[PDB]
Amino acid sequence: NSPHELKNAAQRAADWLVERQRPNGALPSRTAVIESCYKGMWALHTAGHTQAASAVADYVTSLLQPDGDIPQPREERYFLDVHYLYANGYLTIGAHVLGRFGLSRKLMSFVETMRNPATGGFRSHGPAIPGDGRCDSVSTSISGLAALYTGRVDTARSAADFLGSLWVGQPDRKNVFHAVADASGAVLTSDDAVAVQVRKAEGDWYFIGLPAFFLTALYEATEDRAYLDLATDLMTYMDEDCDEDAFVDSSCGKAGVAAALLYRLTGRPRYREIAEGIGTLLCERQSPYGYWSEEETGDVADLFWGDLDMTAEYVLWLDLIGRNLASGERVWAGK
């Protein structure tokens, strides 16, 4: 599959979302929750649907609290005490690229209140959510990326320090990737902490792919070779040590974008194969109507919140893979 066809698949899903966008700007979710449209602003903006993206911004602004958070509506536990800031991250990036500087500043300011200044990580649970102050690789990676987009590179650099200490302190990485560390920085190995079975096809690969993507973007922002080495170390960790599911499961989109980005930066052919093989897989899973779903195949007017979030998510990654694959070809053709 070529970058042109990856983009065509993203444009079809974007057209599907815009055609069924609610009058208040919310995306057609069967449950009114923030976890169903938190990627909506960024995804629809890269697809050219700026009026639909601005509509999501109006819906998101109506949910904003004076402290800069959107604690409600939230139902999924993973957006409560696993990676609470996962929604806030995309909301910050989407608002900032749209020019909603007031929305992005307020969102990014609350995200900074959840940063652990000792470790550089971000708290896994939101305010008034019971927790122990643990920090995970997903909340930290998406917060560092939001800091990159909002121009707060010290926050992003601090986020990479948490990812570097988390990768170094893995107790046995060949079997389990522990993506959580406690408030003091010790890698959390308890049963209630998120752990990726790297030798099993059980998903949760975005706990490793998102760090690889953020660190690759931070390297491009800074050209600090430590961020590139850690990004390539995680890409090698997923390509050779991890299960084949790491590049097949629905959560493999972050690893595909990191591979496409790394291809444009380094020019290595293997990173092109990873991005091409992932973008091809996502194009085949797409329903004929445009959306993506685990079980739905009908000409529906709405989707389960997870299917809608995945639909907007694949608009982003397919666009991001395609523009980096195409740019990487022009840059490294004969050079």
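Residues carry their position along the shown sequence, with the first being 1.
Here 323 to 331 and 309 to 317 are compared by their mean Cα B-factor, and 323 to 331 comes out higher. For the pair 35 to 43 and 272 to 280, the mean B factor over Cα atoms is greater in 272 to 280.
The entry assigns its greatest Cα B factor, within the set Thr113, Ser165, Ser251, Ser139, to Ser165. For the set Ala186, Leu91, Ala147, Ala258, the PDB entry assigns the largest Cα B-factor to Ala186.
Annotation for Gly203: C-alpha temperature factor in the highest third relative to the rest of the modelled chain, per the entry. Annotation for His125: CA B-factor lies in the lowest third of the chain's modelled residues.
When the modelled residues of the chain are ordered by their C-alpha B factor, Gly48 lands in the lowest third. Compared with the other modelled residues of the chain, the Cα B-factor recorded for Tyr219 ranks in the lowest third. In the PDB entry, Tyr78 places in the middle third of its chain by CA B-factor.
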